[PDB]
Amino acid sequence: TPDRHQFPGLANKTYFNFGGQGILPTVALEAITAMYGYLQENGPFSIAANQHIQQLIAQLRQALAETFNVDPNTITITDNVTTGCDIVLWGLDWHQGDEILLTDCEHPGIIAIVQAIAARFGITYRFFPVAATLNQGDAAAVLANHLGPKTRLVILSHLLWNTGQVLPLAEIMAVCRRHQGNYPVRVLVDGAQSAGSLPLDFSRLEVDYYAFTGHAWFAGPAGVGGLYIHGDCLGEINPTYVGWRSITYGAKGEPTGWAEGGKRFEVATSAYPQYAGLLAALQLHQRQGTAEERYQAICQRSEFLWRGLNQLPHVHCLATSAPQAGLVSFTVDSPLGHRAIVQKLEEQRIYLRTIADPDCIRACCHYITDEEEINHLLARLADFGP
C-alpha cells in the first residue's frame, strides 16, 4: 500500500510523466531546504560546512551503492544520465577504425556523443534494429548478426524510452562475451528508465558500465545522477573532465594522483543541497517496500492501463503483450495528431508525452499511481476518434 501523501504533487492533476521527471517527495524538499539552512548557519564555506558536505557526498555514494548491491568504489556521482555516458565514451582509448554498435532506440543526446567521438578518433558506428523486437524476434540475436572484427563497444538502453521494451541484458552480455574479435566487446548501458523501476542487482547481473539519473523513477530533484563502473573496467577509462574533486594532493597542495575509485570522474563544486534531496528520495523508496515489490506494483498498474487502452476502439498499443515495465506507448486514430492530443490532455491537467520515433504517445505508471488516475486518463482518451 503506497503512501501517496508523501508526494503532494499527485493531488489536483493526473501525472503520467515519471519517465521525464518524478514527482518530488516531501522528505526530499525538506532535506534540500535543511541543507541550505545548515550552510547558512555554519558557513557556507568553512571547516564545519566542508566536512558536512563531504559527509553528505559519502552518504549518497553509499546509498547508491547499496541500491545496486555494489561497492561504493564503483559509483560515480554526476548530474544526469548523459554525463555518465560522456565519461565512459570519452574515457576509452579509441583507435582509428574501432567500431561502436547502438540499438536504433537510443536517445538523440547519446548518439550525438558517439558522433563527436567518431569525428575525434576516426572510429565508426552503426545501428542494429531492436525496435521491431517489441512483440517478436530476439534483440540478442540481432546483435550477434551485427558483431564484427573491430566491434569494441555496444550501447543500449536496458528499458527503451520510446517503446517500453525491456531488453534481455543478460543474453546480450553473453553474446558480447563469447564473441571473438580484435577487442573484448564491452557494453555501456543507458539506465534512464530502468533505474528506480526495475529491480537491479549488479552483483548478480554482469555489467560493465551502467549510467543513470536520480530525477526520473527515483523521484529525486533535477540535477543529480550517477554512473556504475565494474572494478575490472575502471582501468580502461581515462578521466577526461577533471577538477579538484578528481585528485589526491601533496605536501604543497599539488596534484599527486587520481582520487579513489569513481571519485576521479567527479569535477568540482556541485549543488550539494540537491544531493541531500536524492538521498531522502532513495531512502523513502526503501521504506515503501523492496525493489521487487515496487516493480510488481508498477507492472500491475501498467497492465491495468494497457488493458484499458486495448478496450478503446481508436487507441492502439505498440505492445501486443502486457508491458514488461512501467512504460506504455500507443497511437491514436485521429486527424488531430499526437502532439495536439498531448496538449489537449495537459489542458485538463493530464500529463503524458509525445515520442518522435516511432510517432506515438507514452504514459508512465509508477507504484504510487492509482486506478482512479488511470480511469480518468482512459475517460479522456475516449473522446478522440477518426
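Residues carry their position along the shown sequence, with the first being 1.
K.L.:
Going by the B-factors listed in the PDB entry, is the mean over the C-alpha atoms higher for 193 to 201 or for 123 to 131?
P.N.:
Taking the mean B-factor of the alpha carbons in each, 123 to 131 is higher.
K.L.:
Quick one: say whether 32 to 40 or 314 to 322 has the higher mean Cα B-factor in the deposited entry.
P.N.:
Comparing averages over the C-alpha atoms only gives 314 to 322.
K.L.:
Which of these has the highest Cα B-factor in the record: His158, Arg264, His215, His179?
P.N.:
Going by the entry's C-alpha B-factors, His179 comes out highest.
K.L.:
Between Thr151, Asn238, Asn162, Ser270, let me know which has the highest C-alpha B-factor in the entry?
P.N.:
The record points to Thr151.
K.L.:
Where does the C-alpha B-factor of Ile247 rank in its chain, lowest, middle or highest third?
P.N.:
It falls in the middle third of the chain.
K.L.:
If you rank the chain by CA B-factor, which third does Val185 end up in: lowest, middle or highest?
P.N.:
It falls in the top third of the chain.
K.L.:
Lowest, middle or highest third: which one holds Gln21 when the chain's residues are ordered by CA B-factor from the entry?
P.N.:
It falls in the bottom third of the chain.
K.L.:
Among the chain's modelled residues, which third holds the C-alpha B-factor of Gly225?
P.N.:
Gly225: CA B-factor falls in the lowest third of its chain.
K.L.:
Please place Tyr209 in the lowest, middle or highest third of its chain according to the CA B-factor in the PDB entry.
P.N.:
It falls in the middle third of the chain.
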